[PDB]
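Chemist: Sharing a structure here in structure tokens format.
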Amino acid sequence: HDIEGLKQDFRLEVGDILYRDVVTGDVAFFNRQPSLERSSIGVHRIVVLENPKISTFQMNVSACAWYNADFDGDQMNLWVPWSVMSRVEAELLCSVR
Amino acid sequence: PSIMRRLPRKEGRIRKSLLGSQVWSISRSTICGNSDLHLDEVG
Amino acid sequence: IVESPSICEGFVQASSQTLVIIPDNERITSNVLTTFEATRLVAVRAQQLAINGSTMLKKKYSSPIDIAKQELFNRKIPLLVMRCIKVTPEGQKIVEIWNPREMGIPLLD
Amino acid sequence: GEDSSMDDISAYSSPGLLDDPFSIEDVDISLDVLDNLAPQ
Ligand SMILES: [Mg+2]
């Protein structure tokens, strides 16, 4: 069901699946190609930038050592886990710590 | 065009459709510096 | 004379197996969960809570992941870890049954 | 010996001419993100 075509419900029914927006504090897999080391894909806590004019993936400069990255024009992938099973394992196994 | 031509090379069946994958729910953008973010945080 | 194929040979379905559980005193694997096993336990419990939601955790949390983590930490998780040791040609499947309520959890919180 | 109708087509070009060392064939990187390989 859509959310714009469905506005007659006071609350939700138990068992439903809600596809909510990504918020600050969510974990995300963050990758740069080529992936040579196994630290090339790491899990970071998302900080959502409220500025509508920002279109870049910002990270601390000390975090570039994981990905062998720099800011001369590199592009990096990012996918946010949504499944509970994949979201658990991102926090416990794939965290950049 | 042949059935067995689909297999071998990098753009072949094995290395492009099986060992690799096109996925949804993924994003790409240029990276940037931000000294106010933690090492385990991404803007 | 090696003759034409018969029905005795040519079976595709593998024969069924008998689960042989090693006794507790004769176990060799470690009494400590690996990070892989702990992560799998927490993920499975979180998904099942997302399905059912019935838990005996006394505290209250608003996420299946947190509830699963606290269940693992409080040793109240309804799961077992079966470590497959060997599949014997005669049919037996020797495994190890470990209880995560009496093993050391490697996670941190 | 004065005919040109059935001359070899490939002979009008200049006559004459296993792994490519400079080809990224076993490197699985998207062709749209090749700037990560810049020497910088
Ligand atoms: Mg670069």
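We name chains A, B, ... following the order of the structure tokens; residues begin at 1 in each chain, and ligands are numbered from 1 as shown.
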Please, which residues of chain A lie no more than 6 Å from chain C when the count uses only C-alpha atoms, and can they be set out as a PDB file with N, CA and C atoms, in the first residue's frame?
Modeler:
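What landed in iface.pdb:
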```pdb
ATOM      1  N   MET A  85      17.838  -9.074   9.591  1.00  0.00           N
ATOM      2  CA  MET A  85      18.999  -9.959   9.649  1.00  0.00           C
ATOM      3  C   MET A  85      20.260  -9.257   9.161  1.00  0.00           C
ATOM      4  N   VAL A  88      21.287  -6.412  11.707  1.00  0.00           N
ATOM      5  CA  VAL A  88      21.971  -6.908  12.900  1.00  0.00           C
ATOM      6  C   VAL A  88      23.442  -7.156  12.603  1.00  0.00           C
ATOM      7  N   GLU A  89      23.725  -7.808  11.476  1.00  0.00           N
ATOM      8  CA  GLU A  89      25.090  -8.214  11.178  1.00  0.00           C
ATOM      9  C   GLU A  89      25.968  -7.030  10.802  1.00  0.00           C
TER      10      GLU A  89
END
```
Chemist: At a cut-off of 12 Å, using only C-alpha atoms, what residues contact residue 39 in chain D? Leave out same-chain residues fewer than 2 positions from it and give the result as a ChimeraX atom specification.
Modeler: /A:69-70,72-74 /D:34-37
Chemist: Could you list, as a list in words, the residues of chain D having an atom within 8 Å of chain A when counting only C-alpha atoms?
Modeler: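 Filtering chain D at 8 Å from chain A with only C-alpha atoms gives residues 27, 28, 29, 30, 33, 35, 36 and 40 of chain D.
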Chemist: Show which residues sit within 8 Å of residue 34 in chain C, as a CSV table (one decimal) with N, CA and C atoms, in the first residue's frame. Count only C-alpha atoms, and ignore same-chain residues fewer than 3 positions away.
Modeler:
```
chain,number,residue,atom,x,y,z
C,37,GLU,N,28.8,-16.8,15.2
C,37,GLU,CA,27.7,-17.5,15.8
C,37,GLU,C,26.8,-16.6,16.7
C,38,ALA,N,27.4,-15.7,17.4
C,38,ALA,CA,26.7,-14.7,18.2
C,38,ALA,C,25.8,-13.8,17.3
C,105,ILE,N,29.7,-15.0,25.7
C,105,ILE,CA,29.3,-14.2,24.6
C,105,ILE,C,30.4,-13.3,24.2
C,106,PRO,N,30.9,-13.3,23.0
C,106,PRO,CA,32.0,-12.4,22.6
C,106,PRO,C,31.7,-11.0,22.4
```
Chemist: Among chain C, which residues carry a DSSP assignment of strand (DSSP E), reported as a ChimeraX atom specification?
Modeler: /C:18-21,81-87,92-98
Chemist: When you get a sec, could you note down which chain A residues fall within 7 Å of chain B, using only C-alpha atoms, as a ChimeraX atom specification?
Modeler: /A:44-49,56-63,71,73-79,96
Chemist: Generate a file of the selected residues that holds C-alpha atoms, formatted as a PDB file, in the first residue's frame.
Modeler:
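File written: again.pdb
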```
ATOM      1  CA  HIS A  44      29.180   3.696   9.313  1.00  0.00           C
ATOM      2  CA  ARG A  45      26.570   5.487  11.392  1.00  0.00           C
ATOM      3  CA  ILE A  46      24.547   7.750   9.113  1.00  0.00           C
ATOM      4  CA  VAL A  47      24.457  11.482   9.814  1.00  0.00           C
ATOM      5  CA  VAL A  48      21.777  12.980   7.579  1.00  0.00           C
ATOM      6  CA  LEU A  49      22.719  16.397   6.188  1.00  0.00           C
ATOM      7  CA  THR A  56      28.264  14.471  -1.487  1.00  0.00           C
ATOM      8  CA  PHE A  57      29.105  11.638   0.905  1.00  0.00           C
ATOM      9  CA  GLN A  58      31.033  13.387   3.671  1.00  0.00           C
ATOM     10  CA  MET A  59      33.356  11.495   5.999  1.00  0.00           C
ATOM     11  CA  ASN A  60      36.234  12.193   8.351  1.00  0.00           C
ATOM     12  CA  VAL A  61      39.630  12.443   6.676  1.00  0.00           C
ATOM     13  CA  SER A  62      41.043   9.902   9.147  1.00  0.00           C
ATOM     14  CA  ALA A  63      38.543   7.347   7.791  1.00  0.00           C
ATOM     15  CA  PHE A  71      38.995  13.790  -2.206  1.00  0.00           C
ATOM     16  CA  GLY A  73      37.114  13.190  -7.260  1.00  0.00           C
ATOM     17  CA  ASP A  74      36.594   9.675  -5.934  1.00  0.00           C
ATOM     18  CA  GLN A  75      33.094   8.199  -5.795  1.00  0.00           C
ATOM     19  CA  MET A  76      31.935   5.669  -3.207  1.00  0.00           C
ATOM     20  CA  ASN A  77      28.879   3.426  -3.023  1.00  0.00           C
ATOM     21  CA  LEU A  78      26.480   3.374  -0.082  1.00  0.00           C
ATOM     22  CA  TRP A  79      23.547   1.065   0.628  1.00  0.00           C
ATOM     23  CA  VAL A  96      34.411  -0.106  10.892  1.00  0.00           C
TER      24      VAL A  96
END
```
Chemist: From the options A:82, A:67, A:19, A:30, which residue's atoms come nearest to ligand 1, counting only C-alpha atoms and all ligand atoms?
Modeler: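 Nearest candidate to ligand 1 out of A:82, A:67, A:19, A:30: A:67.
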Chemist: Could you list, as a VMD selection string, the residues of chain B having an atom within 9 Å of chain D when counting only C-alpha atoms?
Modeler: chain B and resid 9 to 10 20
Chemist: If we count only C-alpha atoms, what is near residue 91 in chain C at a cut-off of 8 Å, once residues fewer than 3 positions away on the same chain are taken out, given as a list in words?
Modeler: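 Those residues are residues 15, 16, 17, 18, 87 and 88 of chain C.
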Chemist: Among the residues of chain C, find those DSSP assigns to helix (DSSP H, G or I) from the backbone and print them as a PyMOL selection string.
Modeler: chain C and resi 24-26+35-51+64-73
Chemist: May I have the residues from that selection written out with C-alpha atoms, as a PDB file, in the first residue's frame?
Modeler:
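Saved as selection-v9.pdb:
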```
ATOM      1  CA  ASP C  24      28.455 -33.265  26.531  1.00  0.00           C
ATOM      2  CA  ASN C  25      31.571 -34.627  28.252  1.00  0.00           C
ATOM      3  CA  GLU C  26      33.132 -35.745  24.936  1.00  0.00           C
ATOM      4  CA  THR C  35      31.367 -13.526  16.688  1.00  0.00           C
ATOM      5  CA  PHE C  36      29.827 -15.255  13.664  1.00  0.00           C
ATOM      6  CA  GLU C  37      27.688 -17.528  15.847  1.00  0.00           C
ATOM      7  CA  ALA C  38      26.656 -14.723  18.210  1.00  0.00           C
ATOM      8  CA  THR C  39      25.736 -12.496  15.261  1.00  0.00           C
ATOM      9  CA  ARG C  40      23.712 -15.302  13.670  1.00  0.00           C
ATOM     10  CA  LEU C  41      21.913 -15.991  16.961  1.00  0.00           C
ATOM     11  CA  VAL C  42      21.043 -12.322  17.454  1.00  0.00           C
ATOM     12  CA  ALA C  43      19.880 -11.926  13.844  1.00  0.00           C
ATOM     13  CA  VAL C  44      17.708 -15.057  13.966  1.00  0.00           C
ATOM     14  CA  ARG C  45      16.161 -14.036  17.286  1.00  0.00           C
ATOM     15  CA  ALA C  46      15.524 -10.491  16.037  1.00  0.00           C
ATOM     16  CA  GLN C  47      13.816 -11.760  12.882  1.00  0.00           C
ATOM     17  CA  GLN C  48      11.684 -14.205  14.877  1.00  0.00           C
ATOM     18  CA  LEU C  49      10.708 -11.393  17.256  1.00  0.00           C
ATOM     19  CA  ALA C  50       9.753  -9.331  14.210  1.00  0.00           C
ATOM     20  CA  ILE C  51       7.556 -12.299  13.244  1.00  0.00           C
ATOM     21  CA  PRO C  64      13.923  -6.387  17.772  1.00  0.00           C
ATOM     22  CA  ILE C  65      17.712  -6.022  17.565  1.00  0.00           C
ATOM     23  CA  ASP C  66      17.973  -4.619  21.094  1.00  0.00           C
ATOM     24  CA  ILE C  67      15.618  -7.264  22.494  1.00  0.00           C
ATOM     25  CA  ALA C  68      17.604 -10.046  20.813  1.00  0.00           C
ATOM     26  CA  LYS C  69      20.892  -8.635  22.119  1.00  0.00           C
ATOM     27  CA  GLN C  70      19.561  -8.394  25.673  1.00  0.00           C
ATOM     28  CA  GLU C  71      18.113 -11.911  25.430  1.00  0.00           C
ATOM     29  CA  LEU C  72      21.522 -13.235  24.387  1.00  0.00           C
ATOM     30  CA  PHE C  73      23.238 -11.242  27.143  1.00  0.00           C
TER      31      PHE C  73
END
```
Chemist: Between CA of residue 17 in chain A and CA of residue 42 in chain A, what is the distance, to one decimal in Å?
Modeler: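 For CA of residue 17 in chain A relative to CA of residue 42 in chain A, the distance reads 26.7 Å.
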Chemist: Rank nothing, just name the residue among D:5, D:23, D:15, D:38 nearest to ligand 1, using only C-alpha atoms and all ligand atoms.
Modeler: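 Looking only at the distances to ligand 1, the closest residue turns out to be D:38.
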